[PDB]
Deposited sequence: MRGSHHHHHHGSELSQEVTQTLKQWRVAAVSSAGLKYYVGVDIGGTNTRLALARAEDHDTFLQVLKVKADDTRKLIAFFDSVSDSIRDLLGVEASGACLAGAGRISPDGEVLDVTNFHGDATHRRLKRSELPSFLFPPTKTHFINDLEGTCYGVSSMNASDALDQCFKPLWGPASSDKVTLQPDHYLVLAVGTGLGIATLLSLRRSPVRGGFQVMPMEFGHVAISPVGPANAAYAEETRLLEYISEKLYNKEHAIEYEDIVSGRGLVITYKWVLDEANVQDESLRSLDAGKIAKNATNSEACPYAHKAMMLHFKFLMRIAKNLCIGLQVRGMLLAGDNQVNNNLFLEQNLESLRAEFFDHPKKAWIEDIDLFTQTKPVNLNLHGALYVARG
């Protein structure tokens, strides 16, 4: 079952199949840890696309059923096969490009892994289908929009030497981060004509502490030990993603509530989104604020250290979820900056630009559709 807008649109598209140019269109997929989205774009649609379906899926067998279903649906409306496909997924891709491993899907290896050869040929031509990482897809989307001087349509400066200027990327490196089901991290590279994308897995590196004289030192130690207990039985130091994610905000929230002996089962049951919204009212939901503060504090800490290690010129906070959290970010700007410049080498990152996405736009789908064209 497809929507009216999609149905009417595909009817307009298919008249071109009996034209000289034919109907050449491409498939793009954003496989997130919680939701998957699929979109189509014709050869001439250069900055736009048609989202045909989204689904809540946390294993690959359910994706296969979604792909089969939506493939048959588009086939009944277009007739003509897709000319190329790219799936940007929230995990790692095998050296041969054949297999995606979705890091935060649940179950055994079969339910976390997705092979190209399992995909329906209609939407996923066997020789013209590629896997990329989701943040790798974000970078191609960003690079594509930077090339057509359009990044200012969905990004805004939060600080840095370029913050009075319209958003545009210089030929240096830029770090891209996205907070969602997981912590996504990639880098736009300018080494040696264009931007090269490097996919990364830095959301899973062990966290760093604060200085022993920091006022948050005792309480951060308790939070890290609490999370390390619940996830790893204290055997490992937690990953940044164990805090900087949806479930991470939820578990930090439960820690804030345990230290305050707040037994209220209603405030106890909120999901990441309600905690995050509640946090924009500092005086009326102080516990949501405290958890969100620590959530974004650790996002600033991993971003700080990657800026130093990668020697980037700027960084971009991306994702549609980030749009809803920019208000919290501005309400707590000093607290975030205090964290970001808390480093012996703070002089090195004083001139780092920070951009944040301000309008909902699925940069992953744009990136996947850029790759799918070849």
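Coordinate coverage of the deposited sequence is interrupted at 1-12, 205-209, where no C-alpha atom was modelled.
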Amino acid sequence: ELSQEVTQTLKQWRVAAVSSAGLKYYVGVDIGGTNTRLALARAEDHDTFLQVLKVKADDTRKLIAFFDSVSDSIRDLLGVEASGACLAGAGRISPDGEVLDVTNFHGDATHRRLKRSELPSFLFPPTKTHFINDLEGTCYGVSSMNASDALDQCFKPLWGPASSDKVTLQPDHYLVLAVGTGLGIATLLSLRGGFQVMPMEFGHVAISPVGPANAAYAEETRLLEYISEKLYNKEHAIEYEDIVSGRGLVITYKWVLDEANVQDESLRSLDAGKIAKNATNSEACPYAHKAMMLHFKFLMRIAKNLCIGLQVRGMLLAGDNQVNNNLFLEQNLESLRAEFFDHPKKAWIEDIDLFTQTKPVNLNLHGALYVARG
From here on, numbers count along this sequence of modelled residues.
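Annotation for 67-75 versus 283-291: the higher mean temperature factor (C-alpha) is found in 283-291. If you average the C-alpha B-factors over 258-266 and over 154-162, the higher value belongs to 258-266. Within the selection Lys230, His204, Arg247, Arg301, the deposited Cα B-factor values reach their highest point at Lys230.
Each of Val142, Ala90, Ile275, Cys86 has a CA temperature factor in the record; the biggest one is found at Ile275.
Ranked by C-alpha B-factor against the other modelled residues of its chain, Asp242 falls in the lowest third. Annotation for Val371: C-alpha temperature factor in the middle third relative to the rest of the modelled chain, per the entry. In the PDB entry, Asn364 places in the lowest third of its chain by CA B-factor. Among all modelled residues in its chain, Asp45 ranks in the highest third by Cα B-factor.
In the deposited entry, the Cα temperature factor of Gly107 places it in the highest third of its chain's modelled residues.
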